[PDB]
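J.:
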Amino acid sequence: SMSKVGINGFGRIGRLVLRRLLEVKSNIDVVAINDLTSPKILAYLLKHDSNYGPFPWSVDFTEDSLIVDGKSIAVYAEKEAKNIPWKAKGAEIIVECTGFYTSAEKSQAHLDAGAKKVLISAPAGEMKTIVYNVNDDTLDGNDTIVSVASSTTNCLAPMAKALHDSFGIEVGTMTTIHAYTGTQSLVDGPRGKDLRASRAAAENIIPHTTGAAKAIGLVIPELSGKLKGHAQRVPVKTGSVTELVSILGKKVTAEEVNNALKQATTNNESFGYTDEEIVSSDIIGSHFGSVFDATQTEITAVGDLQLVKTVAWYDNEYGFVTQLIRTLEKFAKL
Amino acid sequence: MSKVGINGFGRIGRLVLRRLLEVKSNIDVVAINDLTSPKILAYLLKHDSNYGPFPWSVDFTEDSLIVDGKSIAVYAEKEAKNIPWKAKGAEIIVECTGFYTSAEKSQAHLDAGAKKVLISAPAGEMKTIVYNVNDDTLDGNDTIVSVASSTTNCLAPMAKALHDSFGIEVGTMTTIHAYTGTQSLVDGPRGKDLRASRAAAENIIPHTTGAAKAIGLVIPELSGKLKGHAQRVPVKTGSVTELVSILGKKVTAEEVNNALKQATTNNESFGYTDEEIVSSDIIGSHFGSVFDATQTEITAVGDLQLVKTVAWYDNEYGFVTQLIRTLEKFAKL
Amino acid sequence: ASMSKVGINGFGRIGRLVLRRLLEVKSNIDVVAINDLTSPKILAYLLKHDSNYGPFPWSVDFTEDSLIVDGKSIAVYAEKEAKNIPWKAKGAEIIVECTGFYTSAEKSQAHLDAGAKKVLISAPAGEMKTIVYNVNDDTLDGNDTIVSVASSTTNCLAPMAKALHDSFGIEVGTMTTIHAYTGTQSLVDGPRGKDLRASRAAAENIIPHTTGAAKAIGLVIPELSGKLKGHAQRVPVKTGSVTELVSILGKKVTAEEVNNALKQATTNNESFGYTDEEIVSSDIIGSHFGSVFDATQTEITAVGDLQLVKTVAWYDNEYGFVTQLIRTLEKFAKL
Amino acid sequence: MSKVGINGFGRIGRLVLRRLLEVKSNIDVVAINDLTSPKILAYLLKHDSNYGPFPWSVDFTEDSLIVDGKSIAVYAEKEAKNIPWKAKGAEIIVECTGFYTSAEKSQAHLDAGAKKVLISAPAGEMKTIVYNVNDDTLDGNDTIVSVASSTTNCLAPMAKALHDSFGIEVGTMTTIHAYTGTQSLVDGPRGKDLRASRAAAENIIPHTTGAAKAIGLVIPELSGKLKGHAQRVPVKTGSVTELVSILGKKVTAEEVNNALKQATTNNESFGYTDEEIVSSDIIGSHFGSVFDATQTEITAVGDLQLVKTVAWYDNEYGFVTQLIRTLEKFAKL
Ligand SMILES: NC(=O)c1ccc[n+]([C@@H]2O[C@H](COP(=O)([O-])OP(=O)(O)OC[C@H]3O[C@@H](n4cnc5c(N)ncnc54)[C@H](O)[C@@H]3O)[C@@H](O)[C@H]2O)c1
Ligand SMILES: NC(=O)c1ccc[n+]([C@@H]2O[C@H](COP(=O)([O-])OP(=O)(O)OC[C@H]3O[C@@H](n4cnc5c(N)ncnc54)[C@H](O)[C@@H]3O)[C@@H](O)[C@H]2O)c1
Ligand SMILES: NC(=O)c1ccc[n+]([C@@H]2O[C@H](COP(=O)([O-])OP(=O)(O)OC[C@H]3O[C@@H](n4cnc5c(N)ncnc54)[C@H](O)[C@@H]3O)[C@@H](O)[C@H]2O)c1
Ligand SMILES: NC(=O)c1ccc[n+]([C@@H]2O[C@H](COP(=O)([O-])OP(=O)(O)OC[C@H]3O[C@@H](n4cnc5c(N)ncnc54)[C@H](O)[C@@H]3O)[C@@H](O)[C@H]2O)c1
Ligand SMILES: [Cl-]
Ligand SMILES: [Cl-]
Ligand SMILES: [Cl-]
Ligand SMILES: [Cl-]
Ligand SMILES: [Cl-]
């Protein structure tokens, strides 16, 4: 049905979309890219990656294009999605990764410029928001603009889904200890209105708001309004970890929690398990959206009260991208 | 006032001297034991990667440091029973090596001639003090005492206020904690803790801590009610403790915050902030703990409520100010 | 009856420390206005809390259009074009231009159009009068209206080069500065104008970086004009940097003889310090010198008559440089 | 000789095995000596903070690792003379501890039953090989040999190329070098190197290296003609070496670049780039050195000329590829 993709925002996520497509020998082809710079610079960045090393395929450029593994890809530099000649090269599905079109409204522009669907790499208000292998069954043939939420949502949802199915989550709160991202600052200085995002990212633990828990309802309707949470951004370049403290509907042991999660992760391409004593750098390059860590499970019980802490690692860049692509391969065949 | 000897002139031990001089303490530090030469200890005291130049002059001789013109004997005895504490009359040993964290181990300082030992770490079931939480339990018969971990000193005042105002039924803690000398610079063996083998400045590293588990030593009413752990991360000092609690009363954020504010009023140990601070803003703190009203979160569904409360701490200097407050009291008893 | 009222344009790393240092030295200069691109609330937050130097040592509060610092009111404007900044409202006479966007006489004379009398630019700014304090500040006079203090790297390099050239002659030389990362770099890998290297994650890489410190040294030491080149390697430290110079000197030397010459050049010299301690970059953070010559790193490599001389100086590229900018400013205001 | 033992299963020792498996060497690693348990060595081999997951299966028993299905004996003898190398017939020891960097010290492996030792570091006046610079000097009667430092492996190919084309009359080197396990995580004693005592991820740290001073072992004509030092900085691996030379001939940058381009043609050890790379781009390199044409700088005044040339190196994996090339050759003489 659909096999031709445009990327808007050839950034950390945008470039990795291309990387992953090619790694899996997908039959979707990226045919156009829009950003704000030259093909020379986009090529430079695609070839040389500080988190994942040299691109595995040949890369070259001309004044209006990239050439990747011998195939040509048009490069545009339109600040406004309207102006992208998606039509020209035949781009059916826009992977929207700029951070500036996070609305059904705004991503409309891509359809105006002639693409048939848009997948947004971020939370985008009230729309179909898919975590692959949690709720991608809610996607139908009539969907045109869908969100794959945040990396944190891809981490939290599968862990929350398994606990809720096995035990029931009554209420919970999350904290993600999260790699710093391009929304933060290199040195202390203004970064819009958010005071904390103004601070040097590689030199600080920085509290930071996230909607992963607040909006979990879109992905797991039964948990709607039952979770809150935030982040602490810390000085690692990628690789993050989400802790969820829940009140569950049954009394449990750690062994029981971990066996329920082991079952949910078995033959599960999206959601991995470990009982090894890994650290964040071990998750870099993960092909899961989320890796449940059984070594960090903790049950605090005082009589009838019980707090359950469960922890899952995630490569907020590559890991999340593997989910984005799963959802895209599916969305393209409807 | 009392003469002190410091065993282990490391991150903590050096900052103990710094803080004593800074507050113009009546304690005199007369001796230091470590594993190295006066020249290396002089170099490390003068030049600090986290706190900058030492604020006083530092020199060394073959067997001493000269700090602000005052002589401090230097010994290099790896067994504490061999340290000649009597030679300069060191009465109270500030035990900062990590290698004597029990009554039975620190007894070796009493054997070597000291009267009392204050241990800069958890040390099993001994009197364990967080200043301005339970320092009123000290008395003139105590000879070996612990000030627990920096995390305990962060946790305890926040837990005490919550418990006193609302009751804590159960809770769990995670501290996002600066890396420390127990970890590894490059991936390599670090005893039996597998995760401690990993490169500390390049990883988020889960790490076990007893701060919550043994909180009953400091706040007896909370024995068995808390658990927790740490995530060690690449900042050089400056840490933050989150506690998620079920309290005995339904609350709003403002109510929690006001109660904490009252607990920090005229409290030289426990500060308050409603500013959007980050960990480097806690470096050099003179509190053991600073509650952060900006991160308070109430998650409520029917009659169920989870309360998240967060406090910052400088696990080096901030904790040290607590250690020093405890030392000054312990010395006058 | 000297100029005493300052405006700061660009209340950034450098601009905020300009205020800090002025208060710290109890300058008779008052900062009466700040221009940047944001709210007083944000500026007050950034001034109070600093990731590199810790809590501001004086009280900080703000209103809808001002900061109140140590009880003194300072106007805040948000004009992206310098020509629009209302410097006359509080009588700002000298502008300390710290934005990075007005690094030429042609650009910075906008402040004059906007009612200021003089401008001191916290950066190289082409071929205008350029001062490294205690190297060539004697060249400033009453007719100088727009002046540059060059880069932190020039303030590190110049006093060392000057001492060497005066004592032995420098016939030719090349510099490399191992330099803390700065806000011209990138947090994550992504476009950063046209410099490909500046696009790379600054806290995760050693990044070669072009600098004019050596190339334009003739503005400060005219006898070395065109005799030096160099570059930077940007590395993951937040502040604190070090400059190595490899020279061919006009004389055969020993390390001790170079060290002693430098030691004499640093005696009673508030701008240029000396060390023979085994210091590392965090020990220079908050330095009150523009440059600290490190005798422990001096190296003479000689084969017959061919001799190469390596000299190394530390610098706190933020605060240490700022101390130099402030010395130059105090003198500028009294000419 | 196809059976090898590894003394010191650290950053270099583990990558030695990783690379041997990666190139499908016929070398058989039969034994490893270190200071710890198989469990711990297994965890370290499996999880690498710089290079990611080990590409082969790893298990262990109480006295062995099993790597890609093959058993490797693990010993824990802190003195090399006691390591039982004859048990599994380890003939060539790859000496990677840092504790045996001299003929006299590494002799202990031979007293312990091995036939040859290749030392992963400089080791005084003994045969010292940078592959594809002077590996032809390896001789069938050599039994103790060095591959010098990573810095040497970076410097030597560049210096050889320049010397062969233009003559190097005198030169000085500075390497901007990733931090290593000889440094400290937090400020604390580290033998007698004061600079080594400082927190490695939080400082620029000047550091002594023999790479230039001992270059005469590799390129005898350059003996005594180079000096240099390092600045250790906060990157986990990946380094850069700058050489400032007076050459024998007047040159342009294009001419230097062209000559270096030629030395790197069909040279598996010495690579070339004219892309604007940064240090993380060298991580995982299969070269000992990658000359970077983009940083070549000629400074000329009248008749005088200074030539600055620069090459990148993965001080871990890149150097290891050189160690393996040398090992393969050494095994067959
Ligand atoms: N980095 C992560 O961990 C992560 C994880 C999950 C989701 N996301 C989301 O994915 C999106 C991208 O994040 P990223 O980290 O890749 O950001 P990034 O800053 O690395 O990349 C954004 C790219 O978009 C470009 N850009 C900005 N405005 C543009 C415009 N108007 N038109 C075209 N290009 C424009 C920039 O040039 C840049 O190349 C964001 O919405 C983010 O929330 C990020
Ligand atoms: N964040 C912190 O660093 C922190 C906070 C609170 C408590 N503590 C505790 O304080 C203690 C010291 O911590 P640190 O971070 O200063 O460690 P450190 O490693 O920086 O200091 C330890 C010092 O003890 C010396 N030493 C080791 N064994 C010795 C012996 N047998 N005899 C004499 N000297 C010896 C070492 O040479 C070193 O100088 C530990 O118990 C630690 O848990 C540390
Ligand atoms: N950081 C260093 O090591 C260093 C040392 C010496 C000199 N310098 C020079 O000092 C200058 C400032 O450097 P910095 O590191 O403080 O940069 P910075 O980015 O921290 O500060 C720039 C400030 O100017 C503001 N700004 C930008 N454009 C503006 C405009 N049109 N009008 C008003 N305000 C504007 C920004 O909002 C920010 O507050 C640059 O020229 C730089 O090269 C920097
Ligand atoms: N890391 C680099 O960049 C680099 C590059 C080239 C050469 N080298 C050199 O290679 C050697 C090892 O460096 P590394 O970075 O792997 O160091 P490392 O500290 O990572 O590893 C050393 C290993 O030896 C073990 N060890 C220590 N003493 C021992 C003993 N007496 N017997 C047995 N095992 C012992 C340790 O447990 C550790 O596993 C050194 O000589 C170093 O100079 C290092
Ligand atoms: Cl986040
Ligand atoms: Cl901890
Ligand atoms: Cl203007
Ligand atoms: Cl620079
Ligand atoms: Cl080195």
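Protein chains in written order, with my numbering: chain X, 1 to 334; chain R, 335 to 667; chain F, 668 to 1002; chain U, 1003 to 1335. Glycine included, every Cβ here is placed at the ideal spot set by N, Cα and C.
Please tell me whether, using a cut-off of 6 Å, the distance from the CB of residue 564 of chain R to the nearest non-hydrogen atom of ligand 6 is below it.
T.: The answer is yes for residue 564 of chain R.
J.: Just checking: is the beta-carbon of residue 224 of chain X within a distance shorter than 7 Å of some beta-carbon in chain U?
T.: With 7 Å as the cut-off, residue 224 of chain X does not count as an interface residue toward chain U.
J.: Between residue 718 of chain F and chain R, is any beta-carbon pair separated by less than 7 Å?
T.: Residue 718 of chain F counts as touching chain R.
J.: Among U/1156, U/1121 and U/1136, which one has its Cα closest to the Cα of residue 1148 of chain U?
T.: For residue 1148 of chain U, the nearest C-alpha among the options comes from U/1121.
J.: How far does the alpha helix (DSSP H) with residue 294 of chain X in it extend, from its first residue to its last?
T.: Segment: none, residue 294 of chain X is in no alpha helix (DSSP H) and carries neither H nor E.
J.: Within the 7 Å Cβ cut-off, does residue 17 of chain X reach chain F?
T.: Closer than 7 Å: no.
J.: In angstroms, rounded to a whole number, what distance separates the CA positions of residue 1242 of chain U and residue 956 of chain F?
T.: Residue 1242 of chain U and residue 956 of chain F: Cα-Cα distance of roughly 29 Å.
J.: Going along the segment 1204 to 1215 of chain U in order, which residues come within less than 7 Å of chain F, judged by CB to CB distance?
T.: For the segment 1204 to 1215 of chain U, which is checked against every Cβ of chain F, the residues closer than 7 Å are 1204, 1205, 1206, 1207 and 1208.
J.: Just mark residue 335 of chain R as buried or exposed, buried being the case when its beta carbon has 16 or more other beta carbons within 10 Å.
T.: The residue in question, residue 335 of chain R, is exposed, as its Cβ has fewer than 16 Cβ neighbours within 10 Å.
J.: Within 7 Å (strictly less), CB to CB, does residue 304 of chain X reach chain U?
T.: No, because no Cβ of chain U sits closer than 7 Å to the Cβ of residue 304 of chain X.
J.: Is any beta-carbon of chain R found at less than 7 Å from that of residue 235 of chain X?
T.: Yes, residue 235 of chain X counts as interfacial toward chain R.
J.: Let me know if residue 113 of chain X comes out buried or exposed under the rule of 16 or more other beta-carbons within 10 Å of its beta-carbon.
T.: It counts as buried.
J.: Taking 6 Å as the cut-off, is the C-beta of residue 675 of chain R nearer than that to any heavy atom in ligand 2?
T.: The requested residue 675 of chain R is not part of the displayed model; chain R covers only 335 to 667.
J.: Is it true that the CB of residue 11 of chain X sits closer than 7 Å to the CB of residue 682 of chain F?
T.: No; because the gap between Cβ atoms is not below 7 Å, this pair is not in contact.
J.: By the three-class DSSP mapping on this structure, what secondary structure does residue 220 of chain X have?
T.: Correct three-state label for residue 220 of chain X: coil.
J.: Determine, for residue 1178 of chain U, whether the minimum Cβ-Cβ distance to residues of chain F falls below 7 Å.
T.: Yes, residue 1178 of chain U counts as interfacial toward chain F.
J.: Return the CA-CA distance between residue 471 of chain R and residue 659 of chain R, expressed in angstroms with no decimal places.
T.: For residue 471 of chain R and residue 659 of chain R, the distance between alpha carbons rounds to 14 Å.
J.: Between the segment 701 to 712 of chain F and chain X, which residues of the former have CB atoms less than 9 Å from a CB of the latter, in chain order?
T.: Hits within the stretch, in order: 703, 704, 705, 706, 708, 709, 710 and 712.
J.: Could you tell me which chain F residues have their CB closer than 9 Å to the CB of residue 181 of chain X, listed as they occur along the chain?
T.: Within chain F, the residues near residue 181 of chain X are 854 and 855.
J.: Pull the bridge partners of residue 723 of chain R from the DSSP assignment, please.
T.: The question about residue 723 of chain R has no answer here: the residues shown for chain R are numbered 335 through 667.
J.: In whole angstroms, what separates the C-alpha of residue 1037 of chain U from that of residue 1088 of chain U?
T.: Whole-angstrom Cα-Cα distance: 19 Å.
J.: Quick one: which residues of the segment 461 to 484 of chain R get their C-beta closer than 7 Å to a C-beta of chain A? List them in chain order.
T.: No chain A appears in the structure shown, which is made up of the protein chains X, R, F and U.
J.: From residue 303 of chain X to residue 230 of chain X, what distance separates their C-alpha atoms?
T.: Whole-angstrom Cα-Cα distance: 29 Å.
J.: Judging by CA-CA distance, which residue of U/1332, U/1316, U/1195 and U/1329 is the nearest neighbour of residue 1155 of chain U?
T.: Nearest C-alpha to residue 1155 of chain U: U/1316.
J.: Keeping to the same chain, check which residues put their C-beta closer than 8 Å to that of residue 783 of chain F; ignore five residues upstream and five downstream.
T.: Here the set comprises 674, 754, 759, 760, 761 and 762.
J.: Tell me where the alpha helix (DSSP H) around residue 1208 of chain U begins and ends.
T.: Element bounds for residue 1208 of chain U: not the alpha helix (DSSP H) but the beta strand (DSSP E), 1207 to 1209.
J.: Can you list, in chain order, the residues of its chain whose CB lies under 7 Å from that of residue 378 of chain R, leaving out five sequence neighbours each side?
T.: Taken in chain order, the residues that qualify are 348.
J.: Going straight from the alpha carbon of residue 244 of chain X to that of residue 227 of chain X, what length do you get?
T.: Cα to Cα, the separation comes out at about 9 Å.
J.: Residues of chain U with CB closer than 8 Å to the CB of residue 277 of chain R, please, in chain order.
T.: Coverage of chain R is limited to positions 335 through 667, which leaves residue 277 of chain R absent and any answer about it impossible.
J.: If we cut at 7 Å on Cβ distances, does residue 1282 of chain U have a partner in chain X?
T.: Interface residue, yes.
J.: Can you find a heavy atom of ligand 2 that lies under 6 Å from the Cβ of residue 412 of chain R?
T.: Yes, the Cβ of residue 412 of chain R comes within 6 Å of a heavy atom of ligand 2.
J.: Within the segment 67 to 143 of chain X, note down every full beta strand (DSSP E) run reaching 3 residues or more, in order along the chain.
T.: Counting only runs of 3 or more, we get 71 to 76, 93 to 96 and 117 to 120.
J.: Cβ of residue 208 of chain X versus every heavy atom of ligand 5: is any distance shorter than 6 Å?
T.: At least one heavy atom of ligand 5 is nearer than 6 Å to the Cβ of residue 208 of chain X, so yes.
J.: Taking the straight line between their C-alpha atoms, what separation do you get for residue 214 of chain X and residue 21 of chain X?
T.: Cα-Cα distance, rounded: 31 Å.
J.: Considering only the beta carbon of each residue, do residue 829 of chain F and residue 888 of chain F sit closer than 7 Å?
T.: Yes, they are a contact pair.
J.: So with Cβ pairs under 7 Å, would you call residue 688 of chain F a contact of chain X?
T.: False, the Cβ-Cβ gap to chain X never drops below 7 Å.
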